[PDB]
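Undergrad:
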Amino acid sequence: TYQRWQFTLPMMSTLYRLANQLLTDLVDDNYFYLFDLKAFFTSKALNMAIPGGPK
Amino acid sequence: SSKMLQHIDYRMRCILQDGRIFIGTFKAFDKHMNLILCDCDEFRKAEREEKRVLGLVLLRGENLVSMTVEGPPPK
Amino acid sequence: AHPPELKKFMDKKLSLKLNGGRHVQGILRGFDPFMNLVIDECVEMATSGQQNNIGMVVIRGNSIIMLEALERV
Amino acid sequence: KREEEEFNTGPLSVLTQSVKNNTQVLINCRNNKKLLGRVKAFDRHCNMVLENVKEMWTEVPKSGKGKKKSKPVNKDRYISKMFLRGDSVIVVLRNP
Amino acid sequence: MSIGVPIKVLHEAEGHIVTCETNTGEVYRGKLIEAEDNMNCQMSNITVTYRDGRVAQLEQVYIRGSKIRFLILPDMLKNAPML
Amino acid sequence: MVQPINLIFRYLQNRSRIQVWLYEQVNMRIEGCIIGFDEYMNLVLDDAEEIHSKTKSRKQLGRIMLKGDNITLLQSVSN
Amino acid sequence: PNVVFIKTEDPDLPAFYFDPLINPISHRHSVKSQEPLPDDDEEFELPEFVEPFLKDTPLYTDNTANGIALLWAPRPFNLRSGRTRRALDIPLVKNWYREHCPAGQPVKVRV
Amino acid sequence: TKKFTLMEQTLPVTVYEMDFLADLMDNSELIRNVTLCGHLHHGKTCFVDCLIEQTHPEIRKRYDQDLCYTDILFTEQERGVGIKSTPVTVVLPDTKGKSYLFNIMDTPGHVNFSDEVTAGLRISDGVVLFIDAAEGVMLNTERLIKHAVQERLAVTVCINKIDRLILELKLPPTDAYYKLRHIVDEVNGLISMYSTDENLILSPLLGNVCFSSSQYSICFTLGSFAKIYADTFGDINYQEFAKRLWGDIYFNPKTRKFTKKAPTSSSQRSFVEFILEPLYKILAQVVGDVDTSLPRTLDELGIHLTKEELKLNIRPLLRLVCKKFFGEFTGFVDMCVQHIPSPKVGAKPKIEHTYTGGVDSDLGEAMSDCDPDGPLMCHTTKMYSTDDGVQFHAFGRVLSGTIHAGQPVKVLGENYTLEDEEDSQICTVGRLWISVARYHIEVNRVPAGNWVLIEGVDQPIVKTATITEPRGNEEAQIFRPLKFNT
Amino acid sequence: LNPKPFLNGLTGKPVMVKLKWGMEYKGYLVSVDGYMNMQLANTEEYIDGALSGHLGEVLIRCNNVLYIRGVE
Amino acid sequence: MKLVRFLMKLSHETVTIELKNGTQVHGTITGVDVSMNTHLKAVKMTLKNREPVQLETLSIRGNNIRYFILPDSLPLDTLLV
Ligand SMILES: Nc1nc2c(ncn2[C@@H]2O[C@H](COP(=O)(O)OP(=O)(O)OP(=O)(O)O)[C@@H](O)[C@H]2O)c(=O)[nH]1
């Protein structure tokens with residue numbers, strides 16, 4: 224049924240750097256300060272836009 | 006241990022080294038046969062007889078001679 | 004640890020009450036793990052209240068049944 | 018094993034030969050009473066397992082305040098087998 | 001090591017008011033300050049009953065462990081998380 | 014600090030005459046000159062005069078060893 | 335709080351080492367304080383067999399340098415165990431467009 | 099439904115009998131009134147959680163998410179910034195096992211909210227100060243040292259987030275030691291600058307600073323860690339050991355005694371060799387060789403985990419492994435118990451500072467004695483709204499006397515004097531509660547020295563108010579209104 | 005003269021042991037051990053100085069013993 | 001050797017004991033411990049001079065004991081091993 228997976232850490236430590244072209248190297252979530260899902264909701268409940276956000 | 010442990014929470018009568026008697030509800034014992042008796046009476050002996066009350070008595074093990082059961086448990 | 008916490012009492016002026024109904028009064032400086040004391044300016048309190056002076060004395064630990072301060076910690 | 022070196026050589030050898038010979042040995046308890054015995058084993062605490070025993074003492078209780086001293090003529094009751102806690106001992110003889 | 005339940009309840013007793021009777025027959029009644037694992041107590045501010053009747057007050061006292069033959073611990077301890 | 018096992022050693026080196034009080038037996042004292050301590054405080058007393066204070070008289074003994082558990086004080090007196 | 339993780343570039347270096355990006359600790363006790371350090375040889379010695387708890391085992395192993403780095407990996411890579419998903423559900427390109435990409439790119443893609 | 103707060107309907111299971119808590123409250127020497135303060139996100143709230151998790155067995159953290167227990171407001175949880183000073187009362191054991199009562203006023207760390215600190219500061223006897231090990235002293239840490247010292251509380255400092263050294267910065271032990279020692283020295287400099295007293299120098303040797311990582315439930319003083327050391331190997335005078343484990347004291351393995359001089363140029367310090375390095379080896383096995391050598395390591399530490407626990411993710415697993423090793427936060431207790439004075443002892447400086455009549459007044463003498471049977475004098479400094487928002491409960495310290503349910507009390511507002519009685523009102527006291535952050539225990543009475551929530555007296559009270567008997571203490575006066583930090 | 009060498013010295017001499025309970029024994033000692041139990045040979049028992057009898061080849065148990073003195 | 005271990009093999013036979021303070025118990029025995037702590041069941045007491053008493057179960061501390069009184073129903077020879 225292929226439901227659950229359990230890997231050792233040498234496996235994970237390899238797979239991570241194979242994937243490395245796709246991933247972004249942000250270590251922490253401070254970047255998205257007024258650029259996360261919650262900020263946009265405020266920009267939609269008011270009628271007023273964030274500069275780079277959606278409309 | 007296992008014979009003593011059977012007695013726990015009953016109402017136990019102790020006879021001290023000097024001849025005194027205590028009667029108490031029994032909840033602790035130790036490798037030196039220290040005791041904690043609780044809700045306890047000091048009791049001495059028509060030949061006159063008398064009954065004093067004590068609380069939460071901690072008995073240094075050296076004194077103890079014998080102990081006996083006479084009650085069902087204060088449940 | 005095994006030593007008595009007698010550290011407080013040192014150089015303050017003690018009374019002792021010893022086994023067999025004996026009394027001595029002292030300025031203290033000793034203890035070891037058995038509570039063997041070394042007393043200084045040590046007065047002996049005889050039954051009749053006739054008092055002796057005696058010099059520095061050792062006490063065996065098991066002989067004590069109380070150790071009282073005549074002037075505070 | 019090491020106690021055997023002690024019990025052959027030392028002061029406890031009094032007890033050791035008392036088993037082998039089966040001489041009687043006259044013990045003096047702390048309650049004044051004497052136990053005379055044929056010791057059948059022991060340990061370093063002076064614990065003993067005694068036989069053929071006769072426990073001899075004058076019986077003059079404290080109760081009398083002068084009455085009980087009327088009774089110096091003694092007693093001898095015969096206990097067939099008897100274990101004895103060691104610390105009850107003050108001294109011990111050999112009888113031969 | 002297995003220092004059992006009673007001596008823990010003794011440590012639990014500290015800072016209250018306990019009564020404490022010695023071999024000789026003197027009865028002490030005092031506020032506890034510290035108690036050691038062999039039951040050496042220190043006690044403060046005592047009202048002592050002598051063997052023959054007389055009362056006295058005392059500043060501070062230290063009572064050798066093996067010289068005791070009961071304490072009267074203050075009743076509220078019966079609830080304590082040792083029990 | 015003055016440890017007691019140190020103090021008793023100073024009484025050895027002086028070779029002093031010390032007076033011992035016995036456990037329980039207040040009416041008797043021993044009054045010895047001294048060399049001795051295995052760790053139990055067992056003393057060896059050379060003079061060792063017994064002082065039976067009801068009689069006041071003073072009975073005399075050899076070079077005696079005074080077993081530790083009998084002791085209480087350890088007073089200093091003259092020769 | 336700013337996660338401060340220092341990416342070790344090459345595995346030759348010991349996993350715990352004062353990497354040059356970290357500002358050197360200027361502190362060295364100049365006005366040297368005389369706090370209550372007990373006197374030398376003041377009757378304290380340890381029993382025969384006490385030791386630092388894990389002294390038989392090395393401070394670091396070759397996996398230690400790599401294994402720390404997983405702790406700040408993105409959500410599927412930072413865990414030892416999970417539950418399998420459908421191939422439909424994994425949004426492979428999602429991380430890119432959630433970040434405000436550098437404006438020098440043409441107008442067309444920005445919108 | 100208006101139920102915008104996370105209050106628990108039902109009383110959770112506690113390790114202790116609730117009757118035992120009330121009994122302890124009479125014994126004025128056993129209770130300690132601390133306040134935890136320190137700069138934003140230095141880990142105060144998550145530390146308190148580890149106490150609650152230790153104390154309330156049914157309550158456990160979620161693996162994915164912090165259990166911000168004292169953050170009771172949705173607003174407060176949405177922001178992720180603490181905004182209200184929330185009190186917690188728990189009994190938790192010392193190394194000796196002796197149980198003490200702690201009233202822990204968890205306070206915000208954001209600079210603007212500092213109001214909340216000062217109110218909880220007034221009713222407390224002592225500060226615990228939390229410093230992030232990675233960042234060290236920051237803006238609001240320096241402000242709170244200055245404020246506390248002026249208020250004449252005892253101070254003790256706690257160094258949080260030690261794990262950040264090991265896992266983020268990857269500092270080797272010896273340099274990590276220097277990072278700790280730097281923090282300690284800066285704090286000492288600040289205190290000694292403000293405080294005219296000099297006896298309050300704080301350093302790990304004296305017990306009054308402790309090292310903790312609150313994410314992973316690590317807390318240890320030098321005394322506490324040696325207690326772990328002694329209960330393993332046996333026959334160590336652990337208090338004498340704890341003196342020798344900090345600063346420039348080096349271990350000589352040939353003579354097996356400590357010396358102030360390094361026996362070889364590579365001889366690591368007593369701190370590094372005994373405290374830091376086995377801490378490092380615990381963490382670097384768990385986050386490192388969890389597959390290959392972690393079971394072997396756990397054998398030596400005496401820790402046993404089931405086959406279901408060993409499949410956890412690394413962050414839950416690390417918290418679990420340490421929780422078995424260190425156990426209870428007893429080290430924190432030893433620091434608080436010894437250095438922070440009990441209300442008996444603490445009454446005299448507290449009355450002297452806060453009371454306009456001073457200690458020379460008869461009531462001042464009576465309050466300094468902290469007698470539960472003395473004249474009632476209660477000080478309220480905080481107001482907390484009801485679950486519905488309709489009412490407010492006054493919160494305060496029973497600085498003398500005893501408050502009873504249904505008792506009629508005279509409430510003195512901040513402008514009251516013997517020449518102007520118009521700022522006073524007589525109120526009927528409703529229900530009283532001992533406060534714990536998410537559930538409230540109702541009680542019949544509260545004796546002197548403890549904290550209490552008071553219902554129905556809130557009408558005449560604007561901010562601070564003094565609560566006193568209507569017919570006895572006719573010469574009572576208010577306590578000084580709070581001198582805010584800004 | 006420490007106590008351990010001393011007791012080896014008195015071996016085989018005449019010695020006179022006095023017990024706490026006020027009895028006393030005269031004896032030619034035969035050994036001593038780690039706890040200072042003792043044996044005596046050809047012994048007399050004194051009780052207030054009465055020569056009670058020739059108690060053969062006694063053993064004494066160490067907690068009983070007060071001083072031991074040597075005889076001219 | 002180690003006679004206290006002989007005082008555990010003896011279980012569920014019958015004994016008198018005299019304690020140190022002139023007390024006598026008469027009992028059947030179950031349980032004994034390393035420090036000679038005795039427990040008897042079916043217990044008849046006699047204090048010093050005072051009259052008999054009979055008790056269900058009695059537990060006697062080790063260091064108060066003096067002589068037992070074994071029954072003649074022991075063949076002794078088994079104790080050597
Ligand atoms: N690395 C590390 N992070 C922690 C630790 N403890 C808490 N944190 C994180 O630090 C952040 C701050 O925690 P809080 O305790 O809620 O913040 P605070 O210290 O109470 O300060 P306020 O928000 O003003 O109330 C949270 O994201 C925690 O997850 C820790 O021990 N180690």
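From first to last, the protein sequence lines stand for chains A, B, C, D, E, F, G, H, I and J.
UniProt numbering puts the first residue of the first sequence at 224, with every later residue one more than the last.
Positions 6 to 50, 59 to 88 (UniProt numbering) are the ones given, in order, by the second sequence.
UniProt numbering puts the first residue of the third sequence at 4, with every later residue one more than the last.
UniProt numbering puts the first residue of the fourth sequence at 18, with every later residue one more than the last.
UniProt numbering puts the first residue of the fifth sequence at 1, with every later residue one more than the last.
UniProt numbering puts the first residue of the sixth sequence at 14, with every later residue one more than the last.
UniProt numbering puts the first residue of the seventh sequence at 335, with every later residue one more than the last.
UniProt numbering puts the first residue of the eighth sequence at 99, with every later residue one more than the last.
UniProt numbering puts the first residue of the ninth sequence at 5, with every later residue one more than the last.
UniProt numbering puts the first residue of the tenth sequence at 1, with every later residue one more than the last.
In this text, a Cβ means the ideal position worked out from N, Cα and C, and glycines have one as well.
For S66 (chain C), which residues in the same chain have their Cβ closer than 7 Å to its Cβ, ignoring the five residues on either side in sequence?
TA: Taken in chain order, the residues that qualify are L21, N22.
Undergrad: Do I68 (chain E) and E12 (chain E) have their beta-carbon atoms positioned less than 9 Å apart in this structure?
TA: Taking 9 Å as the Cβ cut-off, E12 (chain E) and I68 (chain E) do not qualify as a contacting pair.
Undergrad: Mind pulling the chain E residues with CB within less than 7 Å of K32 (chain B)?
TA: Chain E residues near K32 (chain B): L83.
Undergrad: With DSSP as the reference, please indicate the residues paired to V253 (chain H) in a beta bridge.
TA: DSSP output for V253 (chain H) lists H:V225 as bridge partner(s).
Undergrad: If you measure between the beta carbons of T478 (chain H) and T566 (chain H), is that distance less than 9 Å?
TA: In this structure, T566 (chain H) does not lie closer than 9 Å to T478 (chain H) by Cβ.
Undergrad: Going along the chain, which residues of the region 402-415 of chain G sit with their C-beta nearer than 7 Å to a C-beta in chain A?
TA: Residues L404, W406, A407, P408, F411, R414, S415.
Undergrad: Going along chain A, which residues have a C-beta under 7 Å from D389 (chain H)?
TA: Near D389 (chain H) (Cβ distances below 7 Å), the residues of chain A are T231, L232.
Undergrad: Is residue 78 (chain H) near ligand 1, going by C-beta to nearest heavy atom under 8 Å?
TA: Only positions 99 to 584 of chain H appear in this structure, which leaves residue 78 (chain H) out of reach.
Undergrad: Would the beta-carbon of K15 (chain C) fall within 9 Å of that of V61 (chain C)?
TA: No. Outside cutoff.
Undergrad: So which of D:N91, D:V70, D:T26 has the shortest CA-CA distance to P78 (chain D)?
TA: For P78 (chain D), the nearest C-alpha among the options comes from D:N91.
Undergrad: Looking at the structure shown, is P447 (chain H) part of a helix, part of a strand, or coil, going by DSSP?
TA: Residue state, collapsed to three classes: helix.
Undergrad: Please state the DSSP three-state secondary structure of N55 (chain F).
TA: In the structure shown, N55 (chain F) sits in a strand (DSSP, three-state: E or B).
Undergrad: Within the same chain, show all residues whose beta-carbon is closer than 6 Å to that of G345 (chain H), passing over the 5 residues directly before and after it, in chain order.
TA: Excluding residues within five positions, none has a Cβ falling inside 6 Å.
Undergrad: Applying the criterion that 16 or more other CB atoms from any shown protein chain within 10 Å of the CB defines a buried residue, is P345 (chain G) buried or exposed?
TA: Burial call: exposed.
Undergrad: Check distances from the C-beta atoms of the region 387-415 of chain H to those of chain A and list, in chain order, the residues that come in under 7 Å.
TA: Per Cβ criterion, the list reads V388, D389, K409.
Undergrad: Note down, in chain order, each residue of its chain lying with its Cβ closer than 7 Å to the Cβ of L109 (chain H), except the 5 sequence neighbours on either side.
TA: If we look at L109 (chain H) and ignore the five residues flanking it on each side, its Cβ neighbours are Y537.
Undergrad: Classify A61 (chain F): buried if its beta carbon has 16 or more other beta carbons within 10 angstroms, exposed otherwise.
TA: Looking at its Cβ environment, which holds 16 or more other Cβ atoms inside 10 Å, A61 (chain F) is buried.
Undergrad: For the region 32-60 of chain E, enumerate the residues whose C-beta is nearer than 8 Å to any C-beta of chain C, in chain order.
TA: If the cut-off is 8 Å between Cβ atoms, the region 32-60 of chain E has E34, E36, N40, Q42, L58, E59, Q60 near chain C.
Undergrad: Let me know the alpha helix (DSSP H) ranges lying completely inside the region 136-222 of chain H, each 4 residues or longer, listed in chain order.
TA: DSSP runs (the alpha helix (DSSP H)) wholly in the region 136-222 of chain H: 142-153, 172-177, 213-221.
Undergrad: Mapping the DSSP letters down to three states, classify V76 (chain C) as helix, strand or coil.
TA: Coil at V76 (chain C), not helix or strand.
Undergrad: Please report whether the beta-carbon of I60 (chain J) lies at a distance below 9 Å from any beta-carbon of chain B.
TA: Yes, because at least one Cβ of chain B sits closer than 9 Å to the Cβ of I60 (chain J).
Undergrad: Below 9 Å between beta carbons: does that hold for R16 (chain B) and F27 (chain B)?
TA: Contact flag unset, no.
Undergrad: Let me know if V55 (chain E) comes out buried or exposed under the rule of 16 or more other beta-carbons within 10 Å of its beta-carbon.
TA: The residue in question, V55 (chain E), is exposed, as its Cβ has fewer than 16 Cβ neighbours within 10 Å.
Undergrad: Which residues of chain C have a Cβ atom closer than 9 Å to the Cβ of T19 (chain E), listed in chain order?
TA: Residues of chain C passing the Cβ test: none, with the nearest at roughly 15 Å.
Undergrad: Here's the rule: buried if 16 or more other CB atoms are within 10 angstroms of the residue's CB, otherwise exposed. What is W228 (chain A)?
TA: Per the 10 Å Cβ criterion, exposed.
Undergrad: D518 (chain H) to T133 (chain H), Cα distance in whole Å?
TA: Distance between the alpha carbons of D518 (chain H) and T133 (chain H) is about 35 Å.
Undergrad: Between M1 (chain J) and chain M, is any beta-carbon pair separated by less than 9 Å?
TA: The structure shown has no chain M; the protein chains it does contain are A, B, C, D, E, F, G, H, I and J.
Undergrad: What I want to know is whether the C-beta of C476 (chain H) ends up closer than 8 Å to one or more non-hydrogen atoms of ligand 2.
TA: As for ligand 2, it is missing from this structure, which binds only ligand 1.
Undergrad: Count the other CB atoms, across all protein chains shown, that sit within 10 Å of the CB of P71 (chain J); report buried if there are 16 or more and exposed otherwise.
TA: Answer is exposed; the Cβ neighbour count stays below 16.
Undergrad: When the Cα of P408 (chain G) is compared with those of A:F258, A:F263, A:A242, A:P274, which residue comes out closest?
TA: Measuring from the Cα of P408 (chain G), the nearest candidate turns out to be A:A242.
Undergrad: Is there contact here, the region 352-361 of chain H with the region 14-28 of chain E, by at least three beta-carbon pairs under 8 Å?
TA: No, they do not touch.
Undergrad: How would you write the range of the alpha helix (DSSP H) that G276 (chain A) sits in, first residue to last?
TA: Neither: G276 (chain A) is in no alpha helix (DSSP H) and is coded neither H nor E.
Undergrad: Taking 8 Å as the cut-off, does the CB of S312 (chain H) come closer than this to any heavy atom belonging to ligand 1?
TA: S312 (chain H): yes, Cβ under 8 Å from ligand 1.
Undergrad: Tell me the residue span of the beta strand (DSSP E) that contains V541 (chain H).
TA: Counting along the chain, the beta strand (DSSP E) containing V541 (chain H) begins and ends at 537-541.
Undergrad: Would you grab the beta carbon distance between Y198 (chain H) and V431 (chain H) for me? Rounded to a whole angstrom, and I think it's under 8 Å.
TA: Right, their Cβ atoms sit about 7 Å apart.
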